[PDB]
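File shown here: structure_5.pdb, holding PDB, N, CA and C atoms.
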```pdb
ATOM      1  N   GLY A   1      -1.305 -64.481 -21.852  1.00  0.00           N
ATOM      2  CA  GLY A   1      -0.255 -65.166 -21.045  1.00  0.00           C
ATOM      3  C   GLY A   1      -0.513 -64.923 -19.558  1.00  0.00           C
ATOM      4  N   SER A   2       0.036 -65.754 -18.707  1.00  0.00           N
ATOM      5  CA  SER A   2      -0.171 -65.580 -17.239  1.00  0.00           C
ATOM      6  C   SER A   2       1.067 -64.940 -16.603  1.00  0.00           C
ATOM      7  N   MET A   3       2.235 -65.298 -17.071  1.00  0.00           N
ATOM      8  CA  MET A   3       3.487 -64.717 -16.499  1.00  0.00           C
ATOM      9  C   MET A   3       3.915 -63.488 -17.306  1.00  0.00           C
ATOM     10  N   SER A   4       3.323 -62.350 -17.028  1.00  0.00           N
ATOM     11  CA  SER A   4       3.675 -61.091 -17.765  1.00  0.00           C
ATOM     12  C   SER A   4       3.489 -61.275 -19.283  1.00  0.00           C
ATOM     13  N   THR A   5       4.480 -61.786 -19.975  1.00  0.00           N
ATOM     14  CA  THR A   5       4.345 -61.984 -21.451  1.00  0.00           C
ATOM     15  C   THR A   5       5.336 -63.046 -21.938  1.00  0.00           C
ATOM     16  N   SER A   6       5.009 -63.730 -23.004  1.00  0.00           N
ATOM     17  CA  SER A   6       5.925 -64.782 -23.539  1.00  0.00           C
ATOM     18  C   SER A   6       6.042 -64.656 -25.060  1.00  0.00           C
ATOM     19  N   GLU A   7       7.052 -63.962 -25.533  1.00  0.00           N
ATOM     20  CA  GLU A   7       7.242 -63.788 -27.013  1.00  0.00           C
ATOM     21  C   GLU A   7       5.963 -63.243 -27.662  1.00  0.00           C
ATOM     22  N   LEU A   8       5.680 -61.980 -27.467  1.00  0.00           N
ATOM     23  CA  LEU A   8       4.451 -61.379 -28.067  1.00  0.00           C
ATOM     24  C   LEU A   8       4.749 -60.858 -29.474  1.00  0.00           C
ATOM     25  N   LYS A   9       4.324 -61.576 -30.484  1.00  0.00           N
ATOM     26  CA  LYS A   9       4.576 -61.131 -31.888  1.00  0.00           C
ATOM     27  C   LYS A   9       3.252 -60.785 -32.575  1.00  0.00           C
ATOM     28  N   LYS A  10       3.314 -60.310 -33.793  1.00  0.00           N
ATOM     29  CA  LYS A  10       2.064 -59.950 -34.525  1.00  0.00           C
ATOM     30  C   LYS A  10       1.908 -60.828 -35.770  1.00  0.00           C
ATOM     31  N   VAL A  11       0.915 -60.558 -36.579  1.00  0.00           N
ATOM     32  CA  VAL A  11       0.693 -61.370 -37.817  1.00  0.00           C
ATOM     33  C   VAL A  11      -0.060 -60.540 -38.854  1.00  0.00           C
ATOM     34  N   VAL A  12       0.036 -60.911 -40.102  1.00  0.00           N
ATOM     35  CA  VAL A  12      -0.671 -60.153 -41.173  1.00  0.00           C
ATOM     36  C   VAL A  12      -2.003 -60.871 -41.486  1.00  0.00           C
ATOM     37  N   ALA A  13      -2.789 -60.339 -42.387  1.00  0.00           N
ATOM     38  CA  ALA A  13      -4.082 -60.997 -42.745  1.00  0.00           C
ATOM     39  C   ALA A  13      -4.088 -61.359 -44.233  1.00  0.00           C
ATOM     40  N   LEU A  14      -4.598 -62.517 -44.571  1.00  0.00           N
ATOM     41  CA  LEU A  14      -4.629 -62.937 -46.005  1.00  0.00           C
ATOM     42  C   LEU A  14      -6.036 -62.773 -46.586  1.00  0.00           C
ATOM     43  N   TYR A  15      -7.049 -62.925 -45.772  1.00  0.00           N
ATOM     44  CA  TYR A  15      -8.449 -62.781 -46.280  1.00  0.00           C
ATOM     45  C   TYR A  15      -9.337 -62.120 -45.223  1.00  0.00           C
ATOM     46  N   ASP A  16     -10.551 -61.797 -45.584  1.00  0.00           N
ATOM     47  CA  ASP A  16     -11.484 -61.144 -44.613  1.00  0.00           C
ATOM     48  C   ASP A  16     -12.091 -62.185 -43.666  1.00  0.00           C
ATOM     49  N   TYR A  17     -12.557 -61.751 -42.522  1.00  0.00           N
ATOM     50  CA  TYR A  17     -13.162 -62.695 -41.536  1.00  0.00           C
ATOM     51  C   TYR A  17     -13.903 -61.887 -40.460  1.00  0.00           C
ATOM     52  N   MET A  18     -14.957 -61.212 -40.844  1.00  0.00           N
ATOM     53  CA  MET A  18     -15.733 -60.390 -39.863  1.00  0.00           C
ATOM     54  C   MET A  18     -16.281 -61.276 -38.730  1.00  0.00           C
ATOM     55  N   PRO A  19     -16.636 -60.661 -37.613  1.00  0.00           N
ATOM     56  CA  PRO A  19     -17.164 -61.435 -36.465  1.00  0.00           C
ATOM     57  C   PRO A  19     -18.538 -62.030 -36.794  1.00  0.00           C
ATOM     58  N   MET A  20     -18.856 -63.154 -36.205  1.00  0.00           N
ATOM     59  CA  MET A  20     -20.180 -63.796 -36.461  1.00  0.00           C
ATOM     60  C   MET A  20     -21.080 -63.607 -35.241  1.00  0.00           C
ATOM     61  N   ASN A  21     -20.562 -63.892 -34.074  1.00  0.00           N
ATOM     62  CA  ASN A  21     -21.366 -63.732 -32.828  1.00  0.00           C
ATOM     63  C   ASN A  21     -20.686 -62.732 -31.891  1.00  0.00           C
ATOM     64  N   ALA A  22     -19.477 -63.023 -31.490  1.00  0.00           N
ATOM     65  CA  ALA A  22     -18.735 -62.100 -30.575  1.00  0.00           C
ATOM     66  C   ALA A  22     -17.274 -62.536 -30.452  1.00  0.00           C
ATOM     67  N   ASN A  23     -17.037 -63.820 -30.371  1.00  0.00           N
ATOM     68  CA  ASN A  23     -15.633 -64.325 -30.252  1.00  0.00           C
ATOM     69  C   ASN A  23     -14.793 -63.899 -31.441  1.00  0.00           C
ATOM     70  N   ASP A  24     -15.252 -64.225 -32.616  1.00  0.00           N
ATOM     71  CA  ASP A  24     -14.484 -63.908 -33.854  1.00  0.00           C
ATOM     72  C   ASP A  24     -13.977 -62.457 -33.860  1.00  0.00           C
ATOM     73  N   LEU A  25     -12.807 -62.239 -34.404  1.00  0.00           N
ATOM     74  CA  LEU A  25     -12.235 -60.862 -34.445  1.00  0.00           C
ATOM     75  C   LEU A  25     -12.452 -60.253 -35.833  1.00  0.00           C
ATOM     76  N   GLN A  26     -12.585 -58.952 -35.909  1.00  0.00           N
ATOM     77  CA  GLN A  26     -12.817 -58.293 -37.232  1.00  0.00           C
ATOM     78  C   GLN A  26     -11.521 -58.219 -38.039  1.00  0.00           C
ATOM     79  N   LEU A  27     -11.141 -59.306 -38.658  1.00  0.00           N
ATOM     80  CA  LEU A  27      -9.896 -59.314 -39.476  1.00  0.00           C
ATOM     81  C   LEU A  27     -10.165 -58.695 -40.854  1.00  0.00           C
ATOM     82  N   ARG A  28      -9.255 -58.870 -41.778  1.00  0.00           N
ATOM     83  CA  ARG A  28      -9.425 -58.294 -43.147  1.00  0.00           C
ATOM     84  C   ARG A  28      -8.310 -58.817 -44.058  1.00  0.00           C
ATOM     85  N   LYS A  29      -8.080 -58.170 -45.171  1.00  0.00           N
ATOM     86  CA  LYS A  29      -7.006 -58.631 -46.094  1.00  0.00           C
ATOM     87  C   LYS A  29      -5.912 -57.568 -46.215  1.00  0.00           C
ATOM     88  N   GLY A  30      -4.695 -57.932 -45.892  1.00  0.00           N
ATOM     89  CA  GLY A  30      -3.566 -56.960 -45.969  1.00  0.00           C
ATOM     90  C   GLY A  30      -3.329 -56.339 -44.591  1.00  0.00           C
ATOM     91  N   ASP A  31      -4.337 -56.315 -43.751  1.00  0.00           N
ATOM     92  CA  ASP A  31      -4.165 -55.730 -42.392  1.00  0.00           C
ATOM     93  C   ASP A  31      -3.408 -56.717 -41.504  1.00  0.00           C
ATOM     94  N   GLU A  32      -2.895 -56.271 -40.388  1.00  0.00           N
ATOM     95  CA  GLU A  32      -2.145 -57.199 -39.483  1.00  0.00           C
ATOM     96  C   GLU A  32      -2.700 -57.067 -38.063  1.00  0.00           C
ATOM     97  N   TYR A  33      -2.445 -58.030 -37.210  1.00  0.00           N
ATOM     98  CA  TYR A  33      -3.009 -57.971 -35.828  1.00  0.00           C
ATOM     99  C   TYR A  33      -1.930 -58.201 -34.769  1.00  0.00           C
ATOM    100  N   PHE A  34      -2.354 -58.358 -33.546  1.00  0.00           N
ATOM    101  CA  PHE A  34      -1.402 -58.612 -32.427  1.00  0.00           C
ATOM    102  C   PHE A  34      -1.710 -59.970 -31.801  1.00  0.00           C
ATOM    103  N   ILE A  35      -0.729 -60.825 -31.704  1.00  0.00           N
ATOM    104  CA  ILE A  35      -0.976 -62.183 -31.133  1.00  0.00           C
ATOM    105  C   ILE A  35      -0.810 -62.204 -29.614  1.00  0.00           C
ATOM    106  N   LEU A  36      -1.800 -62.709 -28.932  1.00  0.00           N
ATOM    107  CA  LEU A  36      -1.740 -62.797 -27.446  1.00  0.00           C
ATOM    108  C   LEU A  36      -1.740 -64.269 -27.008  1.00  0.00           C
ATOM    109  N   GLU A  37      -2.225 -65.156 -27.849  1.00  0.00           N
ATOM    110  CA  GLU A  37      -2.257 -66.604 -27.484  1.00  0.00           C
ATOM    111  C   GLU A  37      -1.351 -67.413 -28.418  1.00  0.00           C
ATOM    112  N   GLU A  38      -1.401 -68.719 -28.315  1.00  0.00           N
ATOM    113  CA  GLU A  38      -0.559 -69.606 -29.175  1.00  0.00           C
ATOM    114  C   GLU A  38      -0.860 -71.052 -28.798  1.00  0.00           C
ATOM    115  N   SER A  39      -2.111 -71.340 -28.557  1.00  0.00           N
ATOM    116  CA  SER A  39      -2.510 -72.722 -28.159  1.00  0.00           C
ATOM    117  C   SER A  39      -2.095 -73.727 -29.230  1.00  0.00           C
ATOM    118  N   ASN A  40      -2.581 -74.936 -29.141  1.00  0.00           N
ATOM    119  CA  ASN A  40      -2.201 -75.971 -30.142  1.00  0.00           C
ATOM    120  C   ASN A  40      -3.194 -76.005 -31.307  1.00  0.00           C
ATOM    121  N   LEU A  41      -3.772 -74.882 -31.682  1.00  0.00           N
ATOM    122  CA  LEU A  41      -4.730 -74.912 -32.837  1.00  0.00           C
ATOM    123  C   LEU A  41      -4.545 -73.689 -33.761  1.00  0.00           C
ATOM    124  N   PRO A  42      -4.998 -73.809 -35.003  1.00  0.00           N
ATOM    125  CA  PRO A  42      -4.865 -72.690 -35.968  1.00  0.00           C
ATOM    126  C   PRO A  42      -5.587 -71.440 -35.456  1.00  0.00           C
ATOM    127  N   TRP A  43      -6.677 -71.612 -34.751  1.00  0.00           N
ATOM    128  CA  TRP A  43      -7.430 -70.430 -34.237  1.00  0.00           C
ATOM    129  C   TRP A  43      -6.726 -69.864 -33.002  1.00  0.00           C
ATOM    130  N   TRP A  44      -6.516 -68.577 -32.978  1.00  0.00           N
ATOM    131  CA  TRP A  44      -5.815 -67.940 -31.825  1.00  0.00           C
ATOM    132  C   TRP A  44      -6.716 -66.923 -31.130  1.00  0.00           C
ATOM    133  N   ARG A  45      -6.134 -66.133 -30.270  1.00  0.00           N
ATOM    134  CA  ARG A  45      -6.888 -65.066 -29.565  1.00  0.00           C
ATOM    135  C   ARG A  45      -6.066 -63.780 -29.679  1.00  0.00           C
ATOM    136  N   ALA A  46      -5.993 -63.234 -30.865  1.00  0.00           N
ATOM    137  CA  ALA A  46      -5.181 -62.004 -31.097  1.00  0.00           C
ATOM    138  C   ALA A  46      -6.091 -60.781 -31.207  1.00  0.00           C
ATOM    139  N   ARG A  47      -5.535 -59.596 -31.131  1.00  0.00           N
ATOM    140  CA  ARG A  47      -6.383 -58.371 -31.238  1.00  0.00           C
ATOM    141  C   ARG A  47      -6.067 -57.614 -32.524  1.00  0.00           C
ATOM    142  N   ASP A  48      -6.978 -56.792 -32.971  1.00  0.00           N
ATOM    143  CA  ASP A  48      -6.742 -56.011 -34.215  1.00  0.00           C
ATOM    144  C   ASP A  48      -6.336 -54.572 -33.869  1.00  0.00           C
ATOM    145  N   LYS A  49      -6.523 -53.656 -34.785  1.00  0.00           N
ATOM    146  CA  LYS A  49      -6.148 -52.235 -34.522  1.00  0.00           C
ATOM    147  C   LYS A  49      -7.158 -51.561 -33.581  1.00  0.00           C
ATOM    148  N   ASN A  50      -8.309 -52.162 -33.374  1.00  0.00           N
ATOM    149  CA  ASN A  50      -9.327 -51.549 -32.476  1.00  0.00           C
ATOM    150  C   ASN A  50      -9.115 -51.981 -31.017  1.00  0.00           C
ATOM    151  N   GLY A  51      -7.981 -52.563 -30.701  1.00  0.00           N
ATOM    152  CA  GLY A  51      -7.724 -53.000 -29.296  1.00  0.00           C
ATOM    153  C   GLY A  51      -8.771 -54.036 -28.872  1.00  0.00           C
ATOM    154  N   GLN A  52      -9.313 -54.769 -29.814  1.00  0.00           N
ATOM    155  CA  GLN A  52     -10.339 -55.799 -29.470  1.00  0.00           C
ATOM    156  C   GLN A  52      -9.796 -57.200 -29.762  1.00  0.00           C
ATOM    157  N   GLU A  53      -9.909 -58.099 -28.816  1.00  0.00           N
ATOM    158  CA  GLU A  53      -9.398 -59.489 -29.028  1.00  0.00           C
ATOM    159  C   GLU A  53     -10.516 -60.392 -29.556  1.00  0.00           C
ATOM    160  N   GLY A  54     -10.175 -61.416 -30.301  1.00  0.00           N
ATOM    161  CA  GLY A  54     -11.226 -62.335 -30.833  1.00  0.00           C
ATOM    162  C   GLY A  54     -10.567 -63.621 -31.317  1.00  0.00           C
ATOM    163  N   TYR A  55     -10.718 -63.952 -32.575  1.00  0.00           N
ATOM    164  CA  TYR A  55     -10.083 -65.194 -33.093  1.00  0.00           C
ATOM    165  C   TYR A  55      -9.374 -64.939 -34.426  1.00  0.00           C
ATOM    166  N   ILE A  56      -8.209 -65.509 -34.588  1.00  0.00           N
ATOM    167  CA  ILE A  56      -7.424 -65.316 -35.845  1.00  0.00           C
ATOM    168  C   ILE A  56      -6.917 -66.691 -36.353  1.00  0.00           C
ATOM    169  N   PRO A  57      -7.554 -67.258 -37.370  1.00  0.00           N
ATOM    170  CA  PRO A  57      -7.092 -68.565 -37.902  1.00  0.00           C
ATOM    171  C   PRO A  57      -5.647 -68.447 -38.410  1.00  0.00           C
ATOM    172  N   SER A  58      -4.816 -69.404 -38.085  1.00  0.00           N
ATOM    173  CA  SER A  58      -3.384 -69.354 -38.521  1.00  0.00           C
ATOM    174  C   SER A  58      -3.272 -69.242 -40.043  1.00  0.00           C
ATOM    175  N   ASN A  59      -3.996 -70.056 -40.766  1.00  0.00           N
ATOM    176  CA  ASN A  59      -3.925 -70.006 -42.261  1.00  0.00           C
ATOM    177  C   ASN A  59      -4.338 -68.621 -42.768  1.00  0.00           C
ATOM    178  N   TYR A  60      -5.334 -68.055 -42.153  1.00  0.00           N
ATOM    179  CA  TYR A  60      -5.831 -66.709 -42.578  1.00  0.00           C
ATOM    180  C   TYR A  60      -4.760 -65.628 -42.374  1.00  0.00           C
ATOM    181  N   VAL A  61      -3.995 -65.705 -41.310  1.00  0.00           N
ATOM    182  CA  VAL A  61      -2.949 -64.658 -41.066  1.00  0.00           C
ATOM    183  C   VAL A  61      -1.538 -65.223 -41.242  1.00  0.00           C
ATOM    184  N   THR A  62      -0.558 -64.356 -41.244  1.00  0.00           N
ATOM    185  CA  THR A  62       0.857 -64.803 -41.391  1.00  0.00           C
ATOM    186  C   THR A  62       1.747 -63.944 -40.469  1.00  0.00           C
ATOM    187  N   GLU A  63       2.874 -63.452 -40.936  1.00  0.00           N
ATOM    188  CA  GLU A  63       3.744 -62.614 -40.053  1.00  0.00           C
ATOM    189  C   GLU A  63       3.377 -61.134 -40.202  1.00  0.00           C
ATOM    190  N   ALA A  64       3.342 -60.410 -39.109  1.00  0.00           N
ATOM    191  CA  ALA A  64       2.980 -58.955 -39.167  1.00  0.00           C
ATOM    192  C   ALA A  64       3.853 -58.213 -40.189  1.00  0.00           C
ATOM    193  N   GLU A  65       5.143 -58.184 -39.969  1.00  0.00           N
ATOM    194  CA  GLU A  65       6.057 -57.482 -40.921  1.00  0.00           C
ATOM    195  C   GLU A  65       7.408 -58.198 -40.983  1.00  0.00           C
ATOM    196  N   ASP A  66       8.258 -57.799 -41.895  1.00  0.00           N
ATOM    197  CA  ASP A  66       9.596 -58.449 -42.017  1.00  0.00           C
ATOM    198  C   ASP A  66      10.680 -57.392 -42.248  1.00  0.00           C
ATOM    199  N   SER A  67      11.382 -57.015 -41.209  1.00  0.00           N
ATOM    200  CA  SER A  67      12.457 -55.988 -41.357  1.00  0.00           C
ATOM    201  C   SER A  67      13.548 -56.209 -40.304  1.00  0.00           C
TER     202      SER A  67
END
```

Could I get this file's structure written as structure tokens?
Amino acid sequence: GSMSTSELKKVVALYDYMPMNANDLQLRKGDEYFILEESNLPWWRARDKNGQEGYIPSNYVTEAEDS
């Protein structure tokens, strides 16, 4: 985001998706990440537990937690 932050939420993971070149993020199954983007496409720019940002397909992930 450019203005400090705009609704920063997280998401869970449904399947694995290791990086291929560098953009892709090291996702997995059952793990959850942190969402930093929200463009108009399924692919986002969220980070995982390693504080590293990459790409998170919307279908691949869902909501971080529910409480």

Legend entry - Counting only C-alpha atoms, the residue of A:1, A:51, A:57, A:42 that sits nearest residue 15 of chain A: A:57

Legend entry - Residues matched by the PyMOL selection byres ((chain A and resi 17-24) around 8) as a PyMOL selection string: chain A and resi 14-16+25-29+52-56

Carefully work through the PyMOL selection byres (((chain A and resi 49 and name CA) around 9) and name CA) for this structure and note down the residues it includes, as a tab-separated table (two decimals) with N, CA and C atoms, in the coordinates of the input.
```tsv
chain	number	residue	atom	x	y	z
A	31	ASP	N	-4.34	-56.32	-43.75
A	31	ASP	CA	-4.16	-55.73	-42.39
A	31	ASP	C	-3.41	-56.72	-41.50
A	32	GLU	N	-2.90	-56.27	-40.39
A	32	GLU	CA	-2.14	-57.20	-39.48
A	32	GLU	C	-2.70	-57.07	-38.06
A	33	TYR	N	-2.44	-58.03	-37.21
A	33	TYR	CA	-3.01	-57.97	-35.83
A	33	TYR	C	-1.93	-58.20	-34.77
A	34	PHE	N	-2.35	-58.36	-33.55
A	34	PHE	CA	-1.40	-58.61	-32.43
A	34	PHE	C	-1.71	-59.97	-31.80
A	47	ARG	N	-5.54	-59.60	-31.13
A	47	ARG	CA	-6.38	-58.37	-31.24
A	47	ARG	C	-6.07	-57.61	-32.52
A	48	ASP	N	-6.98	-56.79	-32.97
A	48	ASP	CA	-6.74	-56.01	-34.22
A	48	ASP	C	-6.34	-54.57	-33.87
A	50	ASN	N	-8.31	-52.16	-33.37
A	50	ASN	CA	-9.33	-51.55	-32.48
A	50	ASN	C	-9.12	-51.98	-31.02
A	51	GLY	N	-7.98	-52.56	-30.70
A	51	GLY	CA	-7.72	-53.00	-29.30
A	51	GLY	C	-8.77	-54.04	-28.87
A	52	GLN	N	-9.31	-54.77	-29.81
A	52	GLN	CA	-10.34	-55.80	-29.47
A	52	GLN	C	-9.80	-57.20	-29.76
```

Inset, instruction - Name the residues captured by the PyMOL selection byres ((chain A and resi 8) around 7) when it is applied to the shown file; answer as a list in words. - result: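 Written out, the selection comes to residues 5, 6, 7, 9, 10, 34, 35 and 36 of chain A.
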
Inset, instruction - Kindly give the distance, in Å, that separates atom C of residue 41 of chain A and atom N of residue 59 of chain A, rounded to a single decimal. - result: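 Taking atom C of residue 41 of chain A as the start and atom N of residue 59 of chain A as the end point, the length is 7.9 Å.
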
Inset, instruction - Could you tell me how far atom CA of residue 4 of chain A lies from atom CA of residue 30 of chain A, in Å and to one decimal? - result: 29.4 Å

Legend entry - Computed interatomic separation between atom CA of residue 58 of chain A and atom CA of residue 11 of chain A (Å): 9.0 Å

Inset, instruction - Run DSSP on the backbone and give me the residues of chain A it puts in strand (DSSP E), as a ChimeraX atom specification. - result: /A:10-12,32-34
